[PDB]
Amino acid sequence: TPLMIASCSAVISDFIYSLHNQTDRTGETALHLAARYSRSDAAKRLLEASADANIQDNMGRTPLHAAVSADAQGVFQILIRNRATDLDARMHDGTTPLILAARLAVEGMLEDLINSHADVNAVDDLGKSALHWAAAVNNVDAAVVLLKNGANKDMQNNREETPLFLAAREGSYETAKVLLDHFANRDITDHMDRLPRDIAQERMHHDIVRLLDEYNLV
Amino acid sequence: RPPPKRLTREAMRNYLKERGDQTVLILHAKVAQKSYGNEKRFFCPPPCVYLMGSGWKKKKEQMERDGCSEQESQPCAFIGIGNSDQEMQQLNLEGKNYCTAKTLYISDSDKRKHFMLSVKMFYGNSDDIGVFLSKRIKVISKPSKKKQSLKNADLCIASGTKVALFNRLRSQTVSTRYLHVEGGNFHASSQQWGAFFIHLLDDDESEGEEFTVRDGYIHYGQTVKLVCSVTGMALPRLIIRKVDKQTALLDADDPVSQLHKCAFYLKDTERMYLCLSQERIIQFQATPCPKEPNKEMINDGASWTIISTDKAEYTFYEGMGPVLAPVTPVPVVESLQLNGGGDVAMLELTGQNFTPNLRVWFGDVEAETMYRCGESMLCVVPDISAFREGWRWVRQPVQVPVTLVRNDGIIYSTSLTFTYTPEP
Amino acid sequence: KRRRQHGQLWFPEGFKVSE
Amino acid sequence: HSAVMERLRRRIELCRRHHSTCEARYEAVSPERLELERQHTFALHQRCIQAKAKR
DNA sequence: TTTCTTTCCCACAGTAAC
DNA sequence: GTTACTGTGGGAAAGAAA
């Protein structure tokens, strides 16, 4: 708390001269908070004073996870620039940093993680890879990067839903286009034997359907 | 027709006070036996559809208060198999608070590896309610009575999950009785069936209550304990044993699989066994041990069948009177993480069936919402000043209720509650 | 093995058998 | 701060634009879906009331 | 060939309607 | 009683995966 009240709101260098203490409610360490409230300076000194940058809070998220969720470009760089920091950290639900970067539509954070060599085909506790969420959120920009950097374009989550499927369900025309361009298989039935063209026809997303019928065939 | 109305501010306060949530519900076996030719192997246990909640009644009263017969306000409903070209069998919910489809079956025509029960629902006066589905169901051509490798799960029961155990007499579908509980004892009513937790207890376990369970799958021999997923009352320490040909074995380390007849050994006494006397569940002994010191022949009616049941759930409310559109789908929220904090405090939700016509409500305050996808949503945590006309910074922990509200008024009670914590 | 599920016991006939 | 604030304004804007496109694309199909649904409800309510007479 | 999984087959044995 | 049937469960038969 004493080192947590001056690192979240020479307030870090004088006290350190407690370190990895987790609160009772959030259970986050000084680092987490310093990462969520985007306190670049404080976060840095916290790592310099040799602090575990992979501790998990009450939800399994590491200081890095908070860096992305809070879109703290500053603290983010500091974490991905640290050798110790685990880039493929996983929350309690399997949520990886790369994924969160493609979900909350953050600037560049994704490619930054991908360049720092992070498992692109990482999957949450549901099977959805980073490329999957990029399809459900119609995040074309991120979808392209995840693809150019080798990503199972036809990977199936637990429900056997392919990246293209979620793109057809959500009606992500822009992303559906990209995926189709990279010769992505469109005849991959989910666990219920339904083609991406069916779910699309169901949601009545005529656009996606039109593609799955004429765009880049044979 | 009266155009949909935005759930007014005052409207919420009212709900938060009453909270008569109309909630559907479903229970079913995670697995189903596929019938070939013109056969018909029903779904056992039979998929039940309760209608819990106090709101259900408040709806009846509200409907009649506008001209509705005991028949025009009586909630009707059917049930079918996913997108199959069959007929949705109806349900008789008259007077009853539930209803089981004792005749649901899937043919071998449906080459689906999985599927899920569809439950169309509407009131007496054709007032649309929506379509409630249940978790997925795997299709098996026959219960692998053979050995089971701990490599292909889903078919292997795990310590903690829920299950159902029934009994089939002389091979007749009219006899079948399921393990049930009521009045304070364990019946066997062939009219009702219940889910029973199946915890795994280490051989060095004590008496009963306040014990400890441990993860892991279940193989015959382990000391398991079955607790009622509803009432709570459970049967004293039991040991499951693989059975076949009216003989309960003692030497079987094989992993218990779906649809596997097995007998239950009571406490560490001599013999005895859990059996059904075509009436209720009473003690027995099964003394015959001539075959092998490890093969204790057991009297019929004790070779219950194992099956792991699941449970679907949907709860809502007509926060703004009737609506032209169905309350389906029902937005469920599993995870609720806080993104950043302070001046940019935002919330990211993750669940299922999320729709772009939704908004999150921090108590009686409606906060801006961003639709990410079918299972992700972003809202903006409203300044604390929206709950404390006096402060500009969290002076004291304030816990407000979270809840999803559609645009036509329908509100879906979550369960989660966001709390304002003083920024350190 | 760290969790703990409580309940409510109920014995049909011949309970003392376990000794 | 004015440099990072811009990063924020742009992010929220994009998210809001996304929601706007999705919600509008959903409401646009509302009728087609709502009508088709009630059409199925009718076919059943007919058998629900007709199955009541044979009682 | 072995080892299962998927399909067929068929007979107890209660139901229903005369 | 007599007939016409029908879910069920165990086993034979045909593939399909070792």
# chains A, B, ... in the order shown; residues from 1 in each chain; ligands from 1

call {"tool": "interface_residues", "arguments": {"of": "chain B", "to": "chain F", "cutoff": "12 Å", "atoms": "only C-alpha atoms (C1' of nucleotides)", "output": "PyMOL selection string"}}
result
chain B and resi 33+35+38-44+102-103+105+142-143+145+168-176+244-245+261

call {"tool": "write_last_selection", "arguments": {"atoms": "N, CA and C atoms", "output": "PDB file, in the first residue's frame"}}
result
ATOM      1  N   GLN B  33     -28.304 -41.221 -27.560  1.00  0.00           N
ATOM      2  CA  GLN B  33     -28.200 -42.452 -28.338  1.00  0.00           C
ATOM      3  C   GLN B  33     -28.927 -42.288 -29.670  1.00  0.00           C
ATOM      4  N   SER B  35     -30.802 -43.374 -32.951  1.00  0.00           N
ATOM      5  CA  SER B  35     -31.665 -44.473 -33.366  1.00  0.00           C
ATOM      6  C   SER B  35     -31.526 -44.728 -34.864  1.00  0.00           C
ATOM      7  N   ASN B  38     -36.023 -47.191 -38.385  1.00  0.00           N
ATOM      8  CA  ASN B  38     -37.231 -46.525 -37.915  1.00  0.00           C
ATOM      9  C   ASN B  38     -37.349 -46.668 -36.404  1.00  0.00           C
ATOM     10  N   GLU B  39     -36.250 -47.067 -35.775  1.00  0.00           N
ATOM     11  CA  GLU B  39     -36.200 -47.245 -34.329  1.00  0.00           C
ATOM     12  C   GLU B  39     -36.549 -45.931 -33.637  1.00  0.00           C
ATOM     13  N   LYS B  40     -36.517 -45.936 -32.308  1.00  0.00           N
ATOM     14  CA  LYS B  40     -36.829 -44.738 -31.541  1.00  0.00           C
ATOM     15  C   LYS B  40     -36.312 -44.809 -30.107  1.00  0.00           C
ATOM     16  N   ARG B  41     -35.018 -44.550 -29.931  1.00  0.00           N
ATOM     17  CA  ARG B  41     -34.415 -44.571 -28.604  1.00  0.00           C
ATOM     18  C   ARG B  41     -34.485 -43.183 -27.980  1.00  0.00           C
ATOM     19  N   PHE B  42     -35.551 -42.957 -27.217  1.00  0.00           N
ATOM     20  CA  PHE B  42     -35.797 -41.685 -26.547  1.00  0.00           C
ATOM     21  C   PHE B  42     -34.591 -41.149 -25.783  1.00  0.00           C
ATOM     22  N   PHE B  43     -34.693 -39.897 -25.348  1.00  0.00           N
ATOM     23  CA  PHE B  43     -33.628 -39.249 -24.593  1.00  0.00           C
ATOM     24  C   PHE B  43     -33.811 -39.501 -23.103  1.00  0.00           C
ATOM     25  N   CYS B  44     -32.945 -40.332 -22.538  1.00  0.00           N
ATOM     26  CA  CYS B  44     -33.013 -40.658 -21.120  1.00  0.00           C
ATOM     27  C   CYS B  44     -31.709 -40.265 -20.431  1.00  0.00           C
ATOM     28  N   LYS B 102     -40.573 -36.758 -22.696  1.00  0.00           N
ATOM     29  CA  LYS B 102     -40.292 -38.188 -22.622  1.00  0.00           C
ATOM     30  C   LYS B 102     -40.360 -38.933 -23.953  1.00  0.00           C
ATOM     31  N   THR B 103     -40.157 -38.232 -25.065  1.00  0.00           N
ATOM     32  CA  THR B 103     -40.213 -38.887 -26.368  1.00  0.00           C
ATOM     33  C   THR B 103     -39.273 -38.311 -27.424  1.00  0.00           C
ATOM     34  N   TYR B 105     -36.144 -37.979 -29.699  1.00  0.00           N
ATOM     35  CA  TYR B 105     -35.216 -38.954 -30.255  1.00  0.00           C
ATOM     36  C   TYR B 105     -34.595 -38.435 -31.548  1.00  0.00           C
ATOM     37  N   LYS B 142     -23.371 -45.978 -29.849  1.00  0.00           N
ATOM     38  CA  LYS B 142     -23.516 -46.992 -28.809  1.00  0.00           C
ATOM     39  C   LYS B 142     -22.485 -46.740 -27.714  1.00  0.00           C
ATOM     40  N   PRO B 143     -22.894 -46.856 -26.442  1.00  0.00           N
ATOM     41  CA  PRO B 143     -21.967 -46.631 -25.330  1.00  0.00           C
ATOM     42  C   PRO B 143     -20.809 -47.625 -25.342  1.00  0.00           C
ATOM     43  N   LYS B 145     -18.880 -49.954 -24.291  1.00  0.00           N
ATOM     44  CA  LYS B 145     -18.831 -50.817 -23.123  1.00  0.00           C
ATOM     45  C   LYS B 145     -17.418 -51.369 -22.976  1.00  0.00           C
ATOM     46  N   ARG B 168     -33.556 -49.515 -15.442  1.00  0.00           N
ATOM     47  CA  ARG B 168     -34.414 -50.132 -16.448  1.00  0.00           C
ATOM     48  C   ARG B 168     -34.744 -51.561 -16.026  1.00  0.00           C
ATOM     49  N   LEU B 169     -36.024 -51.833 -15.792  1.00  0.00           N
ATOM     50  CA  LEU B 169     -36.462 -53.161 -15.374  1.00  0.00           C
ATOM     51  C   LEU B 169     -36.930 -54.041 -16.530  1.00  0.00           C
ATOM     52  N   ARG B 170     -36.463 -55.285 -16.531  1.00  0.00           N
ATOM     53  CA  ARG B 170     -36.817 -56.270 -17.550  1.00  0.00           C
ATOM     54  C   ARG B 170     -36.848 -55.743 -18.983  1.00  0.00           C
ATOM     55  N   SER B 171     -36.085 -54.686 -19.242  1.00  0.00           N
ATOM     56  CA  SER B 171     -36.005 -54.096 -20.575  1.00  0.00           C
ATOM     57  C   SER B 171     -37.308 -53.464 -21.063  1.00  0.00           C
ATOM     58  N   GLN B 172     -37.937 -52.657 -20.215  1.00  0.00           N
ATOM     59  CA  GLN B 172     -39.176 -51.986 -20.589  1.00  0.00           C
ATOM     60  C   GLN B 172     -39.132 -50.492 -20.300  1.00  0.00           C
ATOM     61  N   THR B 173     -39.362 -49.705 -21.346  1.00  0.00           N
ATOM     62  CA  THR B 173     -39.345 -48.250 -21.262  1.00  0.00           C
ATOM     63  C   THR B 173     -40.393 -47.678 -20.311  1.00  0.00           C
ATOM     64  N   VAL B 174     -41.376 -48.495 -19.945  1.00  0.00           N
ATOM     65  CA  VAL B 174     -42.438 -48.054 -19.048  1.00  0.00           C
ATOM     66  C   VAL B 174     -42.030 -48.139 -17.577  1.00  0.00           C
ATOM     67  N   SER B 175     -41.004 -48.934 -17.291  1.00  0.00           N
ATOM     68  CA  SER B 175     -40.532 -49.105 -15.921  1.00  0.00           C
ATOM     69  C   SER B 175     -39.516 -48.043 -15.507  1.00  0.00           C
ATOM     70  N   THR B 176     -38.547 -47.784 -16.382  1.00  0.00           N
ATOM     71  CA  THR B 176     -37.488 -46.804 -16.140  1.00  0.00           C
ATOM     72  C   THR B 176     -37.782 -45.812 -15.016  1.00  0.00           C
ATOM     73  N   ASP B 244     -21.902 -55.972 -15.010  1.00  0.00           N
ATOM     74  CA  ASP B 244     -22.294 -56.635 -16.247  1.00  0.00           C
ATOM     75  C   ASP B 244     -22.831 -58.017 -15.898  1.00  0.00           C
ATOM     76  N   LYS B 245     -23.940 -58.390 -16.524  1.00  0.00           N
ATOM     77  CA  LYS B 245     -24.559 -59.687 -16.285  1.00  0.00           C
ATOM     78  C   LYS B 245     -24.984 -59.859 -14.826  1.00  0.00           C
ATOM     79  N   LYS B 261     -23.668 -49.167 -17.124  1.00  0.00           N
ATOM     80  CA  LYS B 261     -24.334 -49.736 -15.960  1.00  0.00           C
ATOM     81  C   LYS B 261     -23.298 -50.014 -14.880  1.00  0.00           C
TER      82      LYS B 261
END

call {"tool": "interface_residues", "arguments": {"of": "chain C", "to": "chain B", "cutoff": "6 Å", "atoms": "only C-alpha atoms", "output": "number ranges by chain"}}
result
C: 1, 4, 6-10, 12-13, 17-18

call {"tool": "atom_distance", "arguments": {"atom1": "atom CA of residue B:353", "atom2": "atom CA of residue A:178"}}
result
25.1 Å

call {"tool": "residues_around", "arguments": {"residues": "residue D:11", "least_positions_apart": "2", "cutoff": "9 Å", "atoms": "only C-alpha atoms (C1' of nucleotides)", "output": "PDB file with N, CA, C and O atoms, in the first residue's frame"}}
result
ATOM      1  N   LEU A 104      -9.691  -4.975 -28.136  1.00  0.00           N
ATOM      2  CA  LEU A 104      -9.984  -3.593 -27.773  1.00  0.00           C
ATOM      3  C   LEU A 104      -9.491  -2.595 -28.817  1.00  0.00           C
ATOM      4  O   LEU A 104      -9.319  -1.413 -28.522  1.00  0.00           O
ATOM      5  N   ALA A 105      -9.266  -3.078 -30.035  1.00  0.00           N
ATOM      6  CA  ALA A 105      -8.799  -2.235 -31.130  1.00  0.00           C
ATOM      7  C   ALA A 105      -7.806  -1.172 -30.668  1.00  0.00           C
ATOM      8  O   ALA A 105      -8.134   0.015 -30.614  1.00  0.00           O
ATOM      9  N   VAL A 106      -6.594  -1.603 -30.333  1.00  0.00           N
ATOM     10  CA  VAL A 106      -5.550  -0.686 -29.888  1.00  0.00           C
ATOM     11  C   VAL A 106      -4.582  -0.403 -31.033  1.00  0.00           C
ATOM     12  O   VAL A 106      -4.451  -1.206 -31.956  1.00  0.00           O
ATOM     13  N   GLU A 107      -3.903   0.738 -30.969  1.00  0.00           N
ATOM     14  CA  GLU A 107      -2.966   1.124 -32.017  1.00  0.00           C
ATOM     15  C   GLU A 107      -1.635   0.381 -32.027  1.00  0.00           C
ATOM     16  O   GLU A 107      -0.828   0.507 -31.106  1.00  0.00           O
TER      17      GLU A 107
ATOM     18  N   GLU D   6      -4.834  12.238 -28.202  1.00  0.00           N
ATOM     19  CA  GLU D   6      -5.217  11.997 -29.587  1.00  0.00           C
ATOM     20  C   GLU D   6      -5.340  10.493 -29.814  1.00  0.00           C
ATOM     21  O   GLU D   6      -6.263  10.029 -30.483  1.00  0.00           O
ATOM     22  N   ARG D   7      -4.404   9.738 -29.246  1.00  0.00           N
ATOM     23  CA  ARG D   7      -4.407   8.284 -29.363  1.00  0.00           C
ATOM     24  C   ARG D   7      -5.691   7.720 -28.765  1.00  0.00           C
ATOM     25  O   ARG D   7      -6.239   6.735 -29.259  1.00  0.00           O
ATOM     26  N   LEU D   8      -6.165   8.357 -27.700  1.00  0.00           N
ATOM     27  CA  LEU D   8      -7.381   7.930 -27.023  1.00  0.00           C
ATOM     28  C   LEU D   8      -8.618   8.304 -27.833  1.00  0.00           C
ATOM     29  O   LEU D   8      -9.479   7.462 -28.088  1.00  0.00           O
ATOM     30  N   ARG D   9      -8.699   9.567 -28.238  1.00  0.00           N
ATOM     31  CA  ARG D   9      -9.833  10.047 -29.019  1.00  0.00           C
ATOM     32  C   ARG D   9     -10.053   9.167 -30.243  1.00  0.00           C
ATOM     33  O   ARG D   9     -11.184   8.810 -30.570  1.00  0.00           O
ATOM     34  N   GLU D  13     -13.238   6.579 -30.861  1.00  0.00           N
ATOM     35  CA  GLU D  13     -13.965   6.900 -32.083  1.00  0.00           C
ATOM     36  C   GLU D  13     -14.152   5.651 -32.936  1.00  0.00           C
ATOM     37  O   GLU D  13     -15.261   5.351 -33.380  1.00  0.00           O
ATOM     38  N   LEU D  14     -13.061   4.925 -33.161  1.00  0.00           N
ATOM     39  CA  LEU D  14     -13.102   3.708 -33.961  1.00  0.00           C
ATOM     40  C   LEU D  14     -14.072   2.697 -33.362  1.00  0.00           C
ATOM     41  O   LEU D  14     -14.866   2.087 -34.080  1.00  0.00           O
ATOM     42  N   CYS D  15     -14.008   2.519 -32.046  1.00  0.00           N
ATOM     43  CA  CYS D  15     -14.896   1.586 -31.364  1.00  0.00           C
ATOM     44  C   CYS D  15     -16.346   2.008 -31.547  1.00  0.00           C
ATOM     45  O   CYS D  15     -17.217   1.180 -31.815  1.00  0.00           O
ATOM     46  N   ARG D  16     -16.597   3.304 -31.403  1.00  0.00           N
ATOM     47  CA  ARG D  16     -17.942   3.844 -31.546  1.00  0.00           C
ATOM     48  C   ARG D  16     -18.452   3.677 -32.974  1.00  0.00           C
ATOM     49  O   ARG D  16     -19.622   3.362 -33.190  1.00  0.00           O
TER      50      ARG D  16
END

call {"tool": "interface_residues", "arguments": {"of": "chain B", "to": "chain D", "cutoff": "8 Å", "atoms": "only C-alpha atoms", "output": "MDAnalysis selection string"}}
result
chainID B and resid 76 90 120 122 124 126 128 325 355:357 370:372

call {"tool": "write_last_selection", "arguments": {"atoms": "N, CA and C atoms", "output": "PDB file, in the first residue's frame"}}
result
ATOM      1  N   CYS B  76     -47.101 -21.473 -23.418  1.00  0.00           N
ATOM      2  CA  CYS B  76     -47.009 -22.711 -24.182  1.00  0.00           C
ATOM      3  C   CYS B  76     -45.583 -22.846 -24.704  1.00  0.00           C
ATOM      4  N   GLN B  90     -44.740 -30.897 -28.696  1.00  0.00           N
ATOM      5  CA  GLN B  90     -45.215 -29.900 -27.742  1.00  0.00           C
ATOM      6  C   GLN B  90     -44.952 -30.319 -26.300  1.00  0.00           C
ATOM      7  N   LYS B 120     -38.953 -23.679 -28.645  1.00  0.00           N
ATOM      8  CA  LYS B 120     -39.779 -22.562 -29.084  1.00  0.00           C
ATOM      9  C   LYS B 120     -40.705 -22.252 -27.915  1.00  0.00           C
ATOM     10  N   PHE B 122     -44.020 -19.446 -26.515  1.00  0.00           N
ATOM     11  CA  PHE B 122     -44.950 -18.342 -26.713  1.00  0.00           C
ATOM     12  C   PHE B 122     -46.149 -18.497 -25.782  1.00  0.00           C
ATOM     13  N   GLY B 124     -50.249 -18.017 -24.476  1.00  0.00           N
ATOM     14  CA  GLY B 124     -51.493 -18.511 -25.040  1.00  0.00           C
ATOM     15  C   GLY B 124     -52.005 -17.708 -26.220  1.00  0.00           C
ATOM     16  N   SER B 126     -50.656 -16.353 -28.636  1.00  0.00           N
ATOM     17  CA  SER B 126     -49.605 -16.302 -29.648  1.00  0.00           C
ATOM     18  C   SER B 126     -48.569 -15.201 -29.433  1.00  0.00           C
ATOM     19  N   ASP B 128     -45.291 -13.925 -28.820  1.00  0.00           N
ATOM     20  CA  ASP B 128     -43.956 -14.497 -28.924  1.00  0.00           C
ATOM     21  C   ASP B 128     -43.113 -14.304 -27.667  1.00  0.00           C
ATOM     22  N   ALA B 325     -40.962  -7.719 -30.156  1.00  0.00           N
ATOM     23  CA  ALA B 325     -39.934  -8.704 -30.474  1.00  0.00           C
ATOM     24  C   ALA B 325     -39.681  -9.669 -29.317  1.00  0.00           C
ATOM     25  N   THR B 355     -25.715  -8.561 -28.309  1.00  0.00           N
ATOM     26  CA  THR B 355     -26.271  -7.885 -29.474  1.00  0.00           C
ATOM     27  C   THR B 355     -25.978  -6.387 -29.461  1.00  0.00           C
ATOM     28  N   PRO B 356     -25.829  -5.784 -30.652  1.00  0.00           N
ATOM     29  CA  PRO B 356     -25.541  -4.355 -30.808  1.00  0.00           C
ATOM     30  C   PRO B 356     -26.616  -3.423 -30.251  1.00  0.00           C
ATOM     31  N   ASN B 357     -27.793  -3.971 -29.966  1.00  0.00           N
ATOM     32  CA  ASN B 357     -28.885  -3.173 -29.420  1.00  0.00           C
ATOM     33  C   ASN B 357     -28.907  -3.263 -27.898  1.00  0.00           C
ATOM     34  N   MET B 370     -20.148  -0.205 -26.231  1.00  0.00           N
ATOM     35  CA  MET B 370     -19.554  -0.502 -27.529  1.00  0.00           C
ATOM     36  C   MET B 370     -19.621  -2.000 -27.802  1.00  0.00           C
ATOM     37  N   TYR B 371     -20.285  -2.365 -28.893  1.00  0.00           N
ATOM     38  CA  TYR B 371     -20.437  -3.762 -29.280  1.00  0.00           C
ATOM     39  C   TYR B 371     -19.204  -4.288 -30.006  1.00  0.00           C
ATOM     40  N   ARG B 372     -18.431  -5.134 -29.331  1.00  0.00           N
ATOM     41  CA  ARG B 372     -17.234  -5.706 -29.936  1.00  0.00           C
ATOM     42  C   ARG B 372     -17.620  -6.851 -30.862  1.00  0.00           C
TER      43      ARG B 372
END

call {"tool": "residues_around", "arguments": {"residues": "residue D:4", "least_positions_apart": "6", "cutoff": "12 Å", "atoms": "only C-alpha atoms (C1' of nucleotides)", "output": "short mmCIF file (atom, residue, chain, number, x, y, z; two decimals) with N, CA, C and O atoms, in the first residue's frame"}}
result
data_model
loop_
_atom_site.label_atom_id
_atom_site.label_comp_id
_atom_site.auth_asym_id
_atom_site.auth_seq_id
_atom_site.Cartn_x
_atom_site.Cartn_y
_atom_site.Cartn_z
N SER A 38 -1.43 3.43 -16.29
CA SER A 38 -0.44 3.93 -17.24
C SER A 38 0.56 4.91 -16.64
O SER A 38 0.70 6.04 -17.12
N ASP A 71 -4.54 0.21 -22.57
CA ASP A 71 -3.92 0.91 -23.69
C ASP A 71 -2.84 1.87 -23.20
O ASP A 71 -2.82 3.04 -23.57
N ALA A 72 -1.96 1.37 -22.35
CA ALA A 72 -0.88 2.18 -21.80
C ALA A 72 0.39 2.01 -22.64
O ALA A 72 1.35 1.37 -22.21
N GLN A 73 0.38 2.60 -23.83
CA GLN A 73 1.51 2.53 -24.75
C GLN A 73 2.84 2.61 -24.00
O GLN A 73 3.76 1.83 -24.26
N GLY A 74 2.93 3.55 -23.07
CA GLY A 74 4.15 3.72 -22.30
C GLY A 74 4.58 2.46 -21.56
O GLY A 74 5.58 1.84 -21.92
N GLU A 107 -3.90 0.74 -30.97
CA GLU A 107 -2.97 1.12 -32.02
C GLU A 107 -1.64 0.38 -32.03
O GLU A 107 -0.83 0.51 -31.11
N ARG D 10 -8.96 8.81 -30.91
CA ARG D 10 -9.03 7.99 -32.11
C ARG D 10 -9.48 6.56 -31.82
O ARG D 10 -10.21 5.97 -32.61
N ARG D 11 -9.06 6.01 -30.68
CA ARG D 11 -9.45 4.65 -30.32
C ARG D 11 -10.95 4.56 -30.03
O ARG D 11 -11.65 3.75 -30.61
#

call {"tool": "residues_around", "arguments": {"residues": "residue A:147", "least_positions_apart": "5", "cutoff": "8 Å", "atoms": "only C-alpha atoms (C1' of nucleotides)", "output": "mmCIF file with N, CA, C and O atoms, in the first residue's frame"}}
result
data_model
loop_
_atom_site.group_PDB
_atom_site.id
_atom_site.type_symbol
_atom_site.label_atom_id
_atom_site.label_comp_id
_atom_site.auth_asym_id
_atom_site.auth_seq_id
_atom_site.Cartn_x
_atom_site.Cartn_y
_atom_site.Cartn_z
ATOM 1 N N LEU A 131 -6.177 -14.532 -34.227
ATOM 2 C CA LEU A 131 -6.737 -14.274 -35.547
ATOM 3 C C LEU A 131 -8.255 -14.408 -35.529
ATOM 4 O O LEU A 131 -8.952 -13.775 -36.323
ATOM 5 N N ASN A 152 -2.511 -20.010 -38.476
ATOM 6 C CA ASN A 152 -3.428 -21.031 -38.966
ATOM 7 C C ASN A 152 -4.725 -20.371 -39.427
ATOM 8 O O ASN A 152 -5.630 -20.137 -38.626
ATOM 9 N N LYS A 153 -4.809 -20.071 -40.720
ATOM 10 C CA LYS A 153 -5.990 -19.426 -41.280
ATOM 11 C C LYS A 153 -7.252 -20.272 -41.166
ATOM 12 O O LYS A 153 -8.362 -19.743 -41.193
#

call {"tool": "residues_around", "arguments": {"residues": "residue A:167", "least_positions_apart": "6", "cutoff": "9 Å", "atoms": "only C-alpha atoms (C1' of nucleotides)", "output": "MDAnalysis selection string"}}
result
chainID A and resid 132 134:138 173:176 179 196 200 208

call {"tool": "atom_distance", "arguments": {"atom1": "atom CA of residue A:5", "atom2": "atom CA of residue A:81"}}
result
25.3 Å

call {"tool": "select_by_dssp", "arguments": {"residues": "stretch 44-159 of chain A", "states": "alpha helix (DSSP H)", "output": "VMD selection string"}}
result
chain A and resid 44 to 48 63 to 69 73 to 80 97 to 103 109 to 115 130 to 136 140 to 148

call {"tool": "residues_around", "arguments": {"residues": "residue A:59", "least_positions_apart": "6", "cutoff": "10 Å", "atoms": "only C-alpha atoms (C1' of nucleotides)", "output": "ChimeraX atom specification"}}
result
/A:26-28,90-93 /B:335-337
